[PDB]
Ligand SMILES: CCCC[P+](CCCC)(CCCC)CCCC
């Protein structure tokens, strides 16, 4: 297990999407889970559930795509958390921006206080906070704080929880 | 100048990515300024620079893709037909989290001062800020502020400006 951020940049949209197609084919081949986002001339690809040697191989693939499609490539790695696979995600919603950003400040100081690392995204009236590397007891407290901020600033809250880092997709036919 | 947000949801990743391919082909076929983001089983497609009648047509296309690939579809719409928009993306990088978040606060204070709307994303050592609703003179000012913040907090900065169709990238 490990995370990897790969960034493709190029002015040719078609070549960029050809590189995407191949990169995520390689990642999925090594049992990677890919997240990606295309905006303008930039393509960002987040690959999770991949150990060290797999990341080394995917890096090789990224370097090869750089030559084949004439694009710029940069990649970054966690790189190696000692212990990991303990995740929580919180979503705040409200029409008051000022209150939302107060909630953000309190939640991430709290999360960092319990030695958790945060990622957050504010867009419109929706604020998303992702907290990783956080065990069961900590999530219980962070949930309390979420409920505290919920009541205090009169905003909406919802949660999604990952505990095993094993992801199950169900298909019905 | 109106925009549009289309969201695809489905359990079949391959079918989901087929729907994406067809949707953005249609979106690009018209006016079509396309941005998209895939995460888990949810796919978000953001379309800008599309007038009233085009957005109506793209909605029909999405409903058709729903039937063809057996996926869930929801979409939201905004507009319409204006000169501004005028979009700005700024990127801060640095090893000092406290300094990054200080730069964030100053940057969004300025943008909101000039009646601009901000969206931002912090992950690891990278901070990205999308600023909308800001005309050319304002973007030049926000660009100066970005360069000022570079020196003060000792962080890496680059900004890009999109008006069309035409997008300008500035590197430091
Ligand atoms: C590496 C994927 C990042 C996707 P975004 C942030 C989501 C975080 C969970 C891009 C941030 C804009 C500033 C979602 C925007 C795409 C429509």
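So basically every Cβ, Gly included, is an ideal-geometry build from the backbone, and we count neighbours across all protein chains shown. Here, each number is a calculation from the coordinates, and none is a lab measurement.
Against the longest alpha carbon principal axis of chain A, how many degrees, from 0 to 90 and to the nearest 10, is the axis of helix A:136-153 turned? The angle comes out at about 60 degrees.
Using the Cα atoms as the points, what is the convex hull volume per residue of the stretch B:85-163 in Å³? Please list the in-between numbers first.
Details: hull volume 5.3 nm³, N = 79.
Roughly 68 Å³ of hull volume per residue.
Against the main long axis of the alpha-carbon atoms of chain B, helix B:13-29 sits at an angle near 80°. Hey, got the average number of other protein chain Cβ atoms within 10 angstrom for residues in A:32-38? Going residue by residue through A:32-38 and averaging, the value is 4. Give me the log10 of I(q) over I(0) for the protein assembly as shown at q = 0.12, 0.14, 0.16 Å⁻¹, as the Debye formula computes it from C-alpha points; what are the numbers? Log10 I(q)/I(0), no solvent term: -1.00, -1.44, -1.83.
On average, how much area does the Cα convex hull of chain A cover when viewed from any direction, in nm²? Intermediate results must be reported in sequence, preceding the final value.
On the way: hull surface 49.3 nm².
The orientation-averaged projected area of the Cα hull of chain A comes to 12.3 nm².
Extension gain, residue A:136 to residue A:106: 0.36 nm times the residue separation minus the Cα-Cα distance gives 8.8 nm.
Modelled spin-label separation between residue A:161 and residue B:39, with each label point placed 7 Å from Cα along the Cα-to-Cβ direction: 2.0 nm. With both labels modelled 7 Å from their Cα along Cα-to-Cβ, the residue A:31 to residue A:152 distance reads 4.3 nm. Taking only the C-alpha atoms of the stretch B:2-84, Rg followed by Dmax gives 12.1, 40 Å.
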